């Protein structure tokens, strides 16, 4: 089955718009990773007024003269602060006043961080992170689009930054499937160009096993799975960049059980508005943000627990 809901524009003129997130007060944010100054990265985290779509710069992260490429966001639970995956700087924690901190320059083995693109909290508070880029600044920016050097990290509640896997070709969206009792059960990771969704079984903080292909992304277009989010029934909605569709997987994966046709070819990121059926989706055909109504509420995010 294929559904065609009405998409309503939220805001426009945001190059590479991604990282949609709601904070603990219901303020909406997205990131503009392609902002430059003199050919060098100067990406921005924006706050969006939901009534007018007007954009307000919250944070323009730069460290020692190297500008960031903010790319994916999650809201914290114990504090109204945003965990931001940055393709040049690693993991940031951003405050609403625009100040920010770099969380880990090196991983638990002492090795320089790779640039990060998506992240997802489990309900225990560990942050699972995809890192499709090469070494963080001051190294030259590189991207694992053709070669298998993308990595997967877990930033645990004890404050450890643990590389839990590597050798992905452009890992993208990440999400955590929880049991009904709240325990983390599977980690889902998009590997975009291979048209695969991978899963592992979560055994504990930064402990994953049983790596397997969890789902297959339709199509042969350039692109594949980008962002993803679970609904309250643990159906996984996955933006299939390049396909004009968002794929809907059942909780056990496999093939899509349904698809959502989009009025654009390039959906990227998606995020539920808490306590509603409204999905916000970003897309790079119009460099815009849209919303549409899903069949049921989103899965509760860590920040709402």
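Residue numbers count along the first chain shown, from 1.
Asker: May I ask you to compare 194 to 202 and 144 to 152 by their mean CA B factor in the entry and name the higher one?
Answerer: In the deposited entry, the stretch with the higher C-alpha B-factor mean is 144 to 152.
Asker: I need to verify one thing: averaged over C-alpha atoms only, is the B-factor higher for 103 to 111 or for 123 to 131?
Answerer: Comparing averages over the C-alpha atoms only gives 103 to 111.
Asker: Sorting 227, 90, 218, 171 by Cα temperature factor from the record, which one lands on top?
Answerer: Within the set 227, 90, 218, 171, 218 shows the top C-alpha B-factor.
Asker: How does residue 13 rank on Cα B-factor within its chain, lowest, middle or highest third?
Answerer: Highest third of the chain for residue 13's C-alpha B-factor.
Asker: Consider only the C-alpha atoms of the modelled residues in this chain, order them by B-factor as the entry records it, and name the third containing residue 34: lowest, middle or highest.
Answerer: Within its chain, residue 34 is a highest-third residue by C-alpha B-factor, going by the deposited values.
Asker: Once the chain's modelled residues are ordered by C-alpha B factor and cut into thirds, is residue 237 in the lowest, middle or highest one?
Answerer: Lowest third, going by the recorded CA B-factors of the chain.
Asker: Can you work out whether the C-alpha temperature factor of residue 285 puts it in the lowest, middle or highest third of the chain?
Answerer: Highest third, going by the recorded CA B-factors of the chain.
Asker: Sorting the chain's CA B-factors, does residue 166 end up in the lowest, middle or highest third?
Answerer: Its C-alpha B-factor, which the entry lists for residue 166, ranks in the lowest third among residues of this chain.
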